[PDB]
Structures are given as C-alpha cells and as structure tokens.
>>> print(open('data.cif').read())   # mmCIF, N, CA, C and O atoms
data_work
#
loop_
_atom_site.group_PDB
_atom_site.id
_atom_site.type_symbol
_atom_site.label_atom_id
_atom_site.label_comp_id
_atom_site.auth_asym_id
_atom_site.auth_seq_id
_atom_site.Cartn_x
_atom_site.Cartn_y
_atom_site.Cartn_z
ATOM 1 N N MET A 1 5.708 6.058 9.597
ATOM 2 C CA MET A 1 5.554 5.952 11.071
ATOM 3 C C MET A 1 4.613 7.024 11.607
ATOM 4 O O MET A 1 3.963 6.836 12.635
ATOM 5 N N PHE A 2 4.545 8.152 10.905
ATOM 6 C CA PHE A 2 3.681 9.254 11.313
ATOM 7 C C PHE A 2 2.229 8.799 11.412
ATOM 8 O O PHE A 2 1.845 7.781 10.839
ATOM 9 N N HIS A 3 1.425 9.563 12.145
ATOM 10 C CA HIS A 3 0.014 9.239 12.322
ATOM 11 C C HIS A 3 -0.713 9.226 10.982
ATOM 12 O O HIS A 3 -1.584 8.392 10.748
ATOM 13 N N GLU A 4 -0.347 10.155 10.107
ATOM 14 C CA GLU A 4 -0.965 10.256 8.789
ATOM 15 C C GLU A 4 -0.447 9.173 7.838
ATOM 16 O O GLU A 4 -0.916 9.046 6.709
ATOM 17 N N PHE A 5 0.517 8.395 8.295
ATOM 18 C CA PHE A 5 1.081 7.329 7.486
ATOM 19 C C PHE A 5 0.335 6.028 7.723
ATOM 20 O O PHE A 5 0.332 5.135 6.880
ATOM 21 N N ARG A 6 -0.301 5.932 8.875
ATOM 22 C CA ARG A 6 -1.067 4.752 9.218
ATOM 23 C C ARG A 6 -2.530 5.124 9.358
ATOM 24 O O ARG A 6 -3.418 4.315 9.088
ATOM 25 N N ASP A 7 -2.778 6.362 9.766
ATOM 26 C CA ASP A 7 -4.135 6.841 9.917
ATOM 27 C C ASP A 7 -4.622 7.476 8.626
ATOM 28 O O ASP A 7 -5.805 7.398 8.305
ATOM 29 N N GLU A 8 -3.712 8.081 7.863
ATOM 30 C CA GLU A 8 -4.112 8.677 6.600
ATOM 31 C C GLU A 8 -3.955 7.660 5.488
ATOM 32 O O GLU A 8 -4.645 7.726 4.471
ATOM 33 N N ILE A 9 -3.050 6.705 5.684
ATOM 34 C CA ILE A 9 -2.841 5.681 4.678
ATOM 35 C C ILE A 9 -3.810 4.524 4.858
ATOM 36 O O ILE A 9 -4.181 3.862 3.892
ATOM 37 N N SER A 10 -4.215 4.263 6.092
ATOM 38 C CA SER A 10 -5.133 3.165 6.343
ATOM 39 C C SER A 10 -6.590 3.613 6.299
ATOM 40 O O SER A 10 -7.486 2.795 6.107
ATOM 41 N N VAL A 11 -6.833 4.901 6.499
ATOM 42 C CA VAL A 11 -8.205 5.402 6.493
ATOM 43 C C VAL A 11 -8.649 5.867 5.113
ATOM 44 O O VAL A 11 -9.793 5.651 4.714
ATOM 45 N N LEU A 12 -7.755 6.525 4.395
ATOM 46 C CA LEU A 12 -8.075 7.039 3.069
ATOM 47 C C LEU A 12 -7.761 6.030 1.983
ATOM 48 O O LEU A 12 -8.455 5.956 0.972
ATOM 49 N N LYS A 13 -6.693 5.276 2.177
ATOM 50 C CA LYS A 13 -6.280 4.300 1.177
ATOM 51 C C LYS A 13 -6.929 2.937 1.399
ATOM 52 O O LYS A 13 -7.143 2.187 0.447
ATOM 53 N N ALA A 14 -7.247 2.617 2.645
ATOM 54 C CA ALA A 14 -7.874 1.339 2.955
ATOM 55 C C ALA A 14 -9.397 1.434 2.884
ATOM 56 O O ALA A 14 -10.094 0.436 3.066
ATOM 57 N N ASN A 15 -9.911 2.636 2.637
ATOM 58 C CA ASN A 15 -11.359 2.839 2.569
ATOM 59 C C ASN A 15 -11.804 3.507 1.279
ATOM 60 O O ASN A 15 -13.005 3.590 1.012
ATOM 61 N N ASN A 16 -10.868 3.984 0.471
ATOM 62 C CA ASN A 16 -11.246 4.629 -0.775
ATOM 63 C C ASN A 16 -11.657 3.593 -1.819
ATOM 64 O O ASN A 16 -11.086 2.504 -1.879
ATOM 65 N N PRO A 17 -12.664 3.915 -2.652
ATOM 66 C CA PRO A 17 -13.161 3.004 -3.691
ATOM 67 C C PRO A 17 -12.050 2.386 -4.526
ATOM 68 O O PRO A 17 -12.213 1.304 -5.090
ATOM 69 N N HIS A 18 -10.929 3.078 -4.603
ATOM 70 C CA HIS A 18 -9.790 2.604 -5.369
ATOM 71 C C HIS A 18 -9.092 1.447 -4.659
ATOM 72 O O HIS A 18 -8.428 0.628 -5.295
ATOM 73 N N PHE A 19 -9.248 1.380 -3.339
ATOM 74 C CA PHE A 19 -8.634 0.315 -2.551
ATOM 75 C C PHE A 19 -9.007 -1.057 -3.109
ATOM 76 O O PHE A 19 -8.248 -2.014 -3.010
ATOM 77 N N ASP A 20 -10.180 -1.145 -3.704
ATOM 78 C CA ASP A 20 -10.643 -2.400 -4.277
ATOM 79 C C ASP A 20 -9.577 -3.023 -5.168
ATOM 80 O O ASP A 20 -9.217 -4.185 -5.004
ATOM 81 N N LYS A 21 -9.085 -2.239 -6.115
ATOM 82 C CA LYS A 21 -8.064 -2.708 -7.044
ATOM 83 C C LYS A 21 -6.658 -2.435 -6.518
ATOM 84 O O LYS A 21 -5.773 -3.284 -6.617
ATOM 85 N N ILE A 22 -6.457 -1.241 -5.978
ATOM 86 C CA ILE A 22 -5.153 -0.848 -5.454
ATOM 87 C C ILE A 22 -4.795 -1.618 -4.187
ATOM 88 O O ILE A 22 -3.623 -1.901 -3.939
ATOM 89 N N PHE A 23 -5.800 -1.952 -3.385
ATOM 90 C CA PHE A 23 -5.562 -2.682 -2.145
ATOM 91 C C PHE A 23 -5.622 -4.189 -2.370
ATOM 92 O O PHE A 23 -4.933 -4.945 -1.688
ATOM 93 N N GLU A 24 -6.438 -4.628 -3.325
ATOM 94 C CA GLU A 24 -6.545 -6.054 -3.607
ATOM 95 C C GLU A 24 -5.259 -6.559 -4.243
ATOM 96 O O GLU A 24 -4.767 -7.636 -3.904
ATOM 97 N N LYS A 25 -4.707 -5.764 -5.151
ATOM 98 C CA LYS A 25 -3.465 -6.122 -5.819
ATOM 99 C C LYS A 25 -2.298 -5.963 -4.856
ATOM 100 O O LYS A 25 -1.351 -6.749 -4.872
ATOM 101 N N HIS A 26 -2.386 -4.947 -4.005
ATOM 102 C CA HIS A 26 -1.351 -4.683 -3.015
ATOM 103 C C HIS A 26 -1.415 -5.720 -1.902
ATOM 104 O O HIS A 26 -0.392 -6.256 -1.475
ATOM 105 N N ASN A 27 -2.628 -6.002 -1.443
ATOM 106 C CA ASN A 27 -2.835 -6.983 -0.383
ATOM 107 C C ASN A 27 -2.461 -8.386 -0.857
ATOM 108 O O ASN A 27 -2.129 -9.255 -0.050
ATOM 109 N N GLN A 28 -2.508 -8.599 -2.169
ATOM 110 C CA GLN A 28 -2.165 -9.891 -2.747
ATOM 111 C C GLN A 28 -0.664 -10.120 -2.661
ATOM 112 O O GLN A 28 -0.206 -11.221 -2.350
ATOM 113 N N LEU A 29 0.098 -9.065 -2.926
ATOM 114 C CA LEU A 29 1.549 -9.139 -2.864
ATOM 115 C C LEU A 29 1.989 -9.509 -1.458
ATOM 116 O O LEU A 29 2.761 -10.449 -1.260
ATOM 117 N N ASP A 30 1.467 -8.778 -0.480
ATOM 118 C CA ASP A 30 1.779 -9.041 0.916
ATOM 119 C C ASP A 30 1.321 -10.446 1.296
ATOM 120 O O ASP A 30 1.844 -11.048 2.234
ATOM 121 N N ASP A 31 0.349 -10.967 0.549
ATOM 122 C CA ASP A 31 -0.162 -12.309 0.795
ATOM 123 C C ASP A 31 0.715 -13.347 0.102
ATOM 124 O O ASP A 31 0.809 -14.491 0.545
ATOM 125 N N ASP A 32 1.364 -12.932 -0.982
ATOM 126 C CA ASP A 32 2.246 -13.814 -1.737
ATOM 127 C C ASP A 32 3.643 -13.821 -1.124
ATOM 128 O O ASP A 32 4.367 -14.812 -1.207
ATOM 129 N N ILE A 33 4.009 -12.706 -0.500
ATOM 130 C CA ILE A 33 5.308 -12.576 0.138
ATOM 131 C C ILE A 33 5.311 -13.275 1.490
ATOM 132 O O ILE A 33 6.328 -13.822 1.914
ATOM 133 N N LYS A 34 4.160 -13.268 2.156
ATOM 134 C CA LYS A 34 4.035 -13.918 3.452
ATOM 135 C C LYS A 34 3.875 -15.419 3.268
ATOM 136 O O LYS A 34 4.453 -16.211 4.011
ATOM 137 N N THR A 35 3.102 -15.806 2.257
ATOM 138 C CA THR A 35 2.894 -17.217 1.968
ATOM 139 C C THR A 35 4.201 -17.839 1.493
ATOM 140 O O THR A 35 4.438 -19.033 1.674
ATOM 141 N N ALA A 36 5.055 -17.006 0.900
ATOM 142 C CA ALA A 36 6.350 -17.457 0.414
ATOM 143 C C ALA A 36 7.392 -17.375 1.525
ATOM 144 O O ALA A 36 8.388 -18.097 1.510
ATOM 145 N N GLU A 37 7.149 -16.493 2.495
ATOM 146 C CA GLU A 37 8.062 -16.324 3.620
ATOM 147 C C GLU A 37 7.830 -17.407 4.671
ATOM 148 O O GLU A 37 8.707 -17.690 5.488
ATOM 149 N N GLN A 38 6.643 -18.007 4.646
ATOM 150 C CA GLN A 38 6.293 -19.056 5.596
ATOM 151 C C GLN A 38 7.294 -20.205 5.539
ATOM 152 O O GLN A 38 7.700 -20.739 6.571
ATOM 153 N N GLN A 39 7.690 -20.585 4.326
ATOM 154 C CA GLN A 39 8.644 -21.675 4.147
ATOM 155 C C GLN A 39 9.900 -21.195 3.429
ATOM 156 O O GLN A 39 10.972 -21.783 3.578
ATOM 157 N N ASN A 40 9.759 -20.133 2.637
ATOM 158 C CA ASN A 40 10.881 -19.588 1.886
ATOM 159 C C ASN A 40 11.360 -20.592 0.848
ATOM 160 O O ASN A 40 12.548 -20.905 0.768
ATOM 161 N N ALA A 41 10.420 -21.095 0.051
ATOM 162 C CA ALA A 41 10.734 -22.069 -0.992
ATOM 163 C C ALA A 41 11.993 -21.677 -1.760
ATOM 164 O O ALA A 41 12.725 -22.534 -2.255
ATOM 165 N N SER A 42 12.241 -20.373 -1.849
ATOM 166 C CA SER A 42 13.414 -19.864 -2.550
ATOM 167 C C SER A 42 13.700 -18.419 -2.155
ATOM 168 O O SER A 42 12.845 -17.545 -2.294
ATOM 169 N N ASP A 43 14.912 -18.172 -1.665
ATOM 170 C CA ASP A 43 15.318 -16.832 -1.255
ATOM 171 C C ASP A 43 15.058 -15.833 -2.373
ATOM 172 O O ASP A 43 14.470 -14.774 -2.154
ATOM 173 N N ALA A 44 15.487 -16.190 -3.576
ATOM 174 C CA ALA A 44 15.288 -15.340 -4.738
ATOM 175 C C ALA A 44 13.799 -15.161 -5.008
ATOM 176 O O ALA A 44 13.370 -14.139 -5.544
ATOM 177 N N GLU A 45 13.013 -16.163 -4.621
ATOM 178 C CA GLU A 45 11.570 -16.121 -4.808
ATOM 179 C C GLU A 45 10.921 -15.239 -3.753
ATOM 180 O O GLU A 45 10.021 -14.454 -4.052
ATOM 181 N N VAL A 46 11.385 -15.371 -2.517
ATOM 182 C CA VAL A 46 10.846 -14.580 -1.419
ATOM 183 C C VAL A 46 11.388 -13.156 -1.454
ATOM 184 O O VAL A 46 10.747 -12.226 -0.967
ATOM 185 N N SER A 47 12.571 -12.991 -2.038
ATOM 186 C CA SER A 47 13.194 -11.675 -2.138
ATOM 187 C C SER A 47 12.675 -10.920 -3.352
ATOM 188 O O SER A 47 12.679 -9.690 -3.379
ATOM 189 N N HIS A 48 12.223 -11.662 -4.350
ATOM 190 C CA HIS A 48 11.691 -11.063 -5.561
ATOM 191 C C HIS A 48 10.253 -10.616 -5.346
ATOM 192 O O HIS A 48 9.792 -9.651 -5.957
ATOM 193 N N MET A 49 9.549 -11.319 -4.464
ATOM 194 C CA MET A 49 8.166 -10.989 -4.158
ATOM 195 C C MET A 49 8.090 -9.680 -3.385
ATOM 196 O O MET A 49 7.214 -8.853 -3.632
ATOM 197 N N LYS A 50 9.019 -9.490 -2.455
ATOM 198 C CA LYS A 50 9.047 -8.272 -1.663
ATOM 199 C C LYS A 50 9.290 -7.066 -2.553
ATOM 200 O O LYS A 50 8.743 -5.990 -2.316
ATOM 201 N N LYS A 51 10.101 -7.248 -3.592
ATOM 202 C CA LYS A 51 10.386 -6.164 -4.521
ATOM 203 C C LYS A 51 9.081 -5.596 -5.058
ATOM 204 O O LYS A 51 8.973 -4.402 -5.338
ATOM 205 N N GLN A 52 8.082 -6.467 -5.174
ATOM 206 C CA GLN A 52 6.768 -6.062 -5.647
ATOM 207 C C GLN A 52 5.977 -5.410 -4.516
ATOM 208 O O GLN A 52 5.027 -4.668 -4.760
ATOM 209 N N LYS A 53 6.380 -5.683 -3.273
ATOM 210 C CA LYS A 53 5.713 -5.114 -2.110
ATOM 211 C C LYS A 53 5.845 -3.599 -2.105
ATOM 212 O O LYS A 53 4.855 -2.872 -2.195
ATOM 213 N N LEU A 54 7.083 -3.134 -2.007
ATOM 214 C CA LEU A 54 7.371 -1.707 -2.000
ATOM 215 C C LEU A 54 6.874 -1.067 -3.287
ATOM 216 O O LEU A 54 6.591 0.130 -3.331
ATOM 217 N N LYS A 55 6.757 -1.881 -4.331
ATOM 218 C CA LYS A 55 6.278 -1.396 -5.615
ATOM 219 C C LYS A 55 4.772 -1.251 -5.572
ATOM 220 O O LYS A 55 4.224 -0.208 -5.926
ATOM 221 N N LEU A 56 4.106 -2.290 -5.090
ATOM 222 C CA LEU A 56 2.666 -2.254 -4.953
ATOM 223 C C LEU A 56 2.297 -1.370 -3.768
ATOM 224 O O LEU A 56 1.127 -1.051 -3.559
ATOM 225 N N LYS A 57 3.313 -0.946 -3.009
ATOM 226 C CA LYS A 57 3.084 -0.066 -1.875
ATOM 227 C C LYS A 57 3.098 1.373 -2.359
ATOM 228 O O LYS A 57 2.353 2.218 -1.869
ATOM 229 N N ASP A 58 3.958 1.634 -3.336
ATOM 230 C CA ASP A 58 4.085 2.960 -3.914
ATOM 231 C C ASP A 58 2.732 3.466 -4.387
ATOM 232 O O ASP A 58 2.430 4.645 -4.264
ATOM 233 N N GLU A 59 1.915 2.562 -4.922
ATOM 234 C CA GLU A 59 0.588 2.932 -5.406
ATOM 235 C C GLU A 59 -0.335 3.282 -4.245
ATOM 236 O O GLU A 59 -1.152 4.199 -4.341
ATOM 237 N N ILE A 60 -0.192 2.552 -3.146
ATOM 238 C CA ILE A 60 -1.000 2.785 -1.959
ATOM 239 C C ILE A 60 -0.491 4.012 -1.221
ATOM 240 O O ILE A 60 -1.270 4.799 -0.691
ATOM 241 N N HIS A 61 0.827 4.174 -1.209
ATOM 242 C CA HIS A 61 1.444 5.317 -0.554
ATOM 243 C C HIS A 61 1.303 6.546 -1.434
ATOM 244 O O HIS A 61 1.116 7.660 -0.944
ATOM 245 N N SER A 62 1.377 6.327 -2.740
ATOM 246 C CA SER A 62 1.240 7.414 -3.698
ATOM 247 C C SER A 62 -0.160 8.002 -3.627
ATOM 248 O O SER A 62 -0.344 9.201 -3.842
ATOM 249 N N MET A 63 -1.153 7.163 -3.323
ATOM 250 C CA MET A 63 -2.527 7.651 -3.233
ATOM 251 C C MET A 63 -2.639 8.752 -2.183
ATOM 252 O O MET A 63 -3.315 9.758 -2.396
ATOM 253 N N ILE A 64 -1.965 8.561 -1.050
ATOM 254 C CA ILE A 64 -1.987 9.547 0.025
ATOM 255 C C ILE A 64 -1.393 10.867 -0.452
ATOM 256 O O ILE A 64 -1.904 11.941 -0.134
ATOM 257 N N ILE A 65 -0.320 10.779 -1.231
ATOM 258 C CA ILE A 65 0.329 11.968 -1.767
ATOM 259 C C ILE A 65 -0.675 12.808 -2.540
ATOM 260 O O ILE A 65 -0.751 14.025 -2.372
ATOM 261 N N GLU A 66 -1.463 12.141 -3.373
ATOM 262 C CA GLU A 66 -2.487 12.812 -4.155
ATOM 263 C C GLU A 66 -3.683 13.149 -3.270
ATOM 264 O O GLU A 66 -4.512 13.989 -3.622
ATOM 265 N N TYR A 67 -3.761 12.488 -2.114
ATOM 266 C CA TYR A 67 -4.852 12.717 -1.175
ATOM 267 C C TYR A 67 -4.572 13.936 -0.302
ATOM 268 O O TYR A 67 -5.485 14.682 0.052
ATOM 269 N N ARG A 68 -3.304 14.133 0.044
ATOM 270 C CA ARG A 68 -2.911 15.263 0.879
ATOM 271 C C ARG A 68 -2.855 16.551 0.060
ATOM 272 O O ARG A 68 -2.979 17.648 0.603
ATOM 273 N N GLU A 69 -2.671 16.410 -1.251
ATOM 274 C CA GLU A 69 -2.603 17.562 -2.142
ATOM 275 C C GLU A 69 -3.994 17.949 -2.640
ATOM 276 O O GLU A 69 -4.220 19.085 -3.054
ATOM 277 N N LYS A 70 -4.927 17.005 -2.581
ATOM 278 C CA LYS A 70 -6.294 17.247 -3.002
ATOM 279 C C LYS A 70 -7.106 17.737 -1.818
ATOM 280 O O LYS A 70 -7.966 18.595 -1.956
ATOM 281 N N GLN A 71 -6.810 17.189 -0.647
ATOM 282 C CA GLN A 71 -7.499 17.588 0.568
ATOM 283 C C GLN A 71 -7.029 18.962 1.003
ATOM 284 O O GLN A 71 -7.779 19.716 1.614
ATOM 285 N N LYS A 72 -5.792 19.299 0.672
ATOM 286 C CA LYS A 72 -5.269 20.605 1.029
ATOM 287 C C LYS A 72 -5.551 21.606 -0.077
ATOM 288 O O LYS A 72 -5.631 22.807 0.161
ATOM 289 N N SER A 73 -5.728 21.106 -1.289
ATOM 290 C CA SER A 73 -6.035 21.963 -2.414
ATOM 291 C C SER A 73 -7.543 22.106 -2.538
ATOM 292 O O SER A 73 -8.054 23.161 -2.908
ATOM 293 N N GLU A 74 -8.251 21.027 -2.210
ATOM 294 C CA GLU A 74 -9.707 21.026 -2.274
ATOM 295 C C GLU A 74 -10.317 21.522 -0.965
ATOM 296 O O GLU A 74 -11.277 22.292 -0.982
ATOM 297 N N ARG A 75 -9.763 21.093 0.174
ATOM 298 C CA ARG A 75 -10.286 21.533 1.462
ATOM 299 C C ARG A 75 -9.561 22.786 1.923
ATOM 300 O O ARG A 75 -10.142 23.644 2.587
ATOM 301 N N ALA A 76 -8.287 22.889 1.559
ATOM 302 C CA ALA A 76 -7.488 24.053 1.938
ATOM 303 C C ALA A 76 -7.175 24.925 0.726
ATOM 304 O O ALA A 76 -7.968 24.906 -0.237
#
>>> encode(input="data.cif", output="structure tokens")
Amino acid sequence: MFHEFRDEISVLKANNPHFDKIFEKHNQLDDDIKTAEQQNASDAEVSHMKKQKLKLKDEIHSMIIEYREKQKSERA
C-alpha cells in the first residue's frame, strides 16, 4: 500500500529490463487468473491459479527488496 510499493514496485519492477521475463510471466498469471475468474470454470482451478499469483508476485516484489538494498547500498 505504501508509495514505494506501487511507485517503487511499478516504476522499478515494471520498467526494469528484467520485467520482460519477470513481468511477462507474472502478468500472464494475473491474465490466467482473471480469464479464469471471468467464468470460474472451476473453483479449484481459479483458486489454484491465484496461488501462482502471490508466487509470481514474490519475484516482482522480491525485485524491489534487492532494489532497495542496492539503491541504498549503491546510492547510499
């Protein structure tokens, strides 16, 4: 919810060269969970897809962790 969670996560993670793979794979999950949530072909299917969301999110969120430690270690 913090500014650095949407501004640091969307600016550094949504614009970093790694976003290509980290965001494409992550954006795919959110695309598979939403496409599955549209009709909910199967609760277990829609609930299993989300499990990959927070998982594929950890990589996007984890990037910031390494970004705040590199920017503070490299810049600070």
>>> atom_distance(input="data.cif", atom1="CA of residue 12 in chain A", atom2="atom C of residue 62 in chain A")
10.4 Å
>>> atom_distance(input="data.cif", atom1="CA of residue 17 in chain A", atom2="CA of residue 37 in chain A")
29.6 Å
>>> atom_distance(input="data.cif", atom1="CA of residue 7 in chain A", atom2="CA of residue 64 in chain A")
10.5 Å
>>> closest_residue(input="data.cif", among="A:70, A:50, A:75, A:61", to="residue 13 in chain A", atoms="all atoms listed in the file")
A:61
>>> residues_around(input="data.cif", residues="residue 29 in chain A", least_positions_apart="3", cutoff="8 Å", atoms="only N, CA, C and O atoms", output="PyMOL selection string")
chain A and resi 23-26+32-36+49-50+52-53+56
>>> select_by_dssp(input="data.cif", residues="range 19-51 of chain A", states="alpha helix (DSSP H)", output="list in words")
residues 19, 20, 21, 22, 23, 24, 25, 26, 27, 28, 29, 30, 31, 32, 33, 34, 35, 36, 37, 43, 44, 45, 46, 47, 48, 49, 50 and 51 of chain A
